[PDB]
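Chemist: Below: the sequence, then the experimentally determined structure.
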Amino acid sequence: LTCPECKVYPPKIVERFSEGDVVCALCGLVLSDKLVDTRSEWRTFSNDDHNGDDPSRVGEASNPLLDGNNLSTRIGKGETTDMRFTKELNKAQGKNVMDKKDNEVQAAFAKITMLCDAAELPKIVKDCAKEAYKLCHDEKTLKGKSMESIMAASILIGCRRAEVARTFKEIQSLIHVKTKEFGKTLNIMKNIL
Amino acid sequence: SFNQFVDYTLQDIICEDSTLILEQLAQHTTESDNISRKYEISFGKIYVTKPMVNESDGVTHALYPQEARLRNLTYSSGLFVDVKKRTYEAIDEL
Ligand SMILES: [Zn+2]
């Protein structure tokens, strides 16, 4: 936004949240009447509600950066439920699981998740290792590098950023590391911006 | 109640189901076949360290309640179990 009335290059405009307006500090003109509490709005997607009682909790958060655009809902046993239908419907979802070579490469994330928990590594490290891997796995710069060592290299790339200290020898023992190979794969990815 | 759970209860839970076995019996055709095996994973004594914290940088040290409250940490202590992996074999009972 910018004030029509005045218009001096740097627009000195204030958000008077409690009064619910976006105002021009210089002239006094209210530029917007509709204002939302962002923090309280975010609390309808992410909340204390696991029960499903909350009329406020109406949405669900997602990680575009990692999950991409995959919106899905579990078919599960509710209060009244004949197990027959839950099986039938889930059996049906199985036949409809004809996902791509990369929509099946999200199983490489399931590997990193199993490798981080085993390495006693934090959630942020996974979300960094799963990030660096999702960006370098398809790369020509990496080509036919030992696939087992490429994802182990992204675990060190994740650990370096999240300040969680882990030795190359530690990650080397965690999966299986061909020292020269997982040192070369950790450099092509490091070169990949 | 908590003390009873730690000193006793905890061990009996680690011993109820405890042991898990997987048996790989062959097709009994001829070598590489006619080899029946059974592998064991066993749960022994349960050990419980005094409370500790595993910092960002490797270092695991003793965590005191004030520290726990102030750095928003969990006043937890480590659980350790003696696990034994036994292996057995038979041809085409023993
Ligand atoms: Zn103005």
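Modeler: On my side now, so go ahead. Numbering: from 1, shown residues only, chains lettered A, B, ... in the order given.
Chemist: measure the residue nearest the centre of chain B to residue B:47 for me?
Modeler: Against the mean C-alpha coordinate of chain B, by CA atoms, centre = their mean, the closest residue is residue B:81 at 4.8 Å. As for residue B:81, its distance to residue B:47 is 7 Å (criterion: CB to CB, to the nearest Å). The C-beta positions use only the backbone N, C-alpha and C, and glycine is treated the same way.
Chemist: And for residue B:54?
Modeler: Distance, residue B:54 to residue B:47, using CB to CB: 17 Å.
Chemist: ok, the residue of chain A found nearest chain B - how many residues close by?
Modeler: Closest approach of chain A to chain B (CB to the nearest CB) occurs at residue A:165, with a separation of 4.2 Å. Neighbour count for residue A:165, taken as other CB atoms under 10 Å in any protein chain shown: 13.
Chemist: What values do phi and psi take at it?
Modeler: Per-residue torsions, residue A:165: phi -70, psi 120 (degrees, to the nearest 10).
Chemist: so it bridges to which residues?
Modeler: residue B:57 (DSSP bridges).
Chemist: Please determine how far the residue nearest to residue A:30 when sequence neighbours are not counted is located from residue A:10.
Modeler: The shortest distance from residue A:30 to any non-neighbouring residue, by CB to CB, 6 or more residues apart in numbering or on different chains, is to residue A:21 (4.5 Å). Going from residue A:21 to residue A:10 by CB to CB gives 20 Å.
Chemist: Starting from the ion, give me the distance back to residue B:52.
Modeler: Distance, residue B:52 to the ion, using CB to the ion, to the nearest Å: 59 Å.
Chemist: likewise residue A:52?
Modeler: Counting by CB to the ion, the gap from residue A:52 to the ion is 47 Å.
Chemist: Using the three-state scheme, assign that residue.
Modeler: Secondary structure assignment for residue A:52 (DSSP: H, G, I helix; E, B strand; the rest coil): coil.
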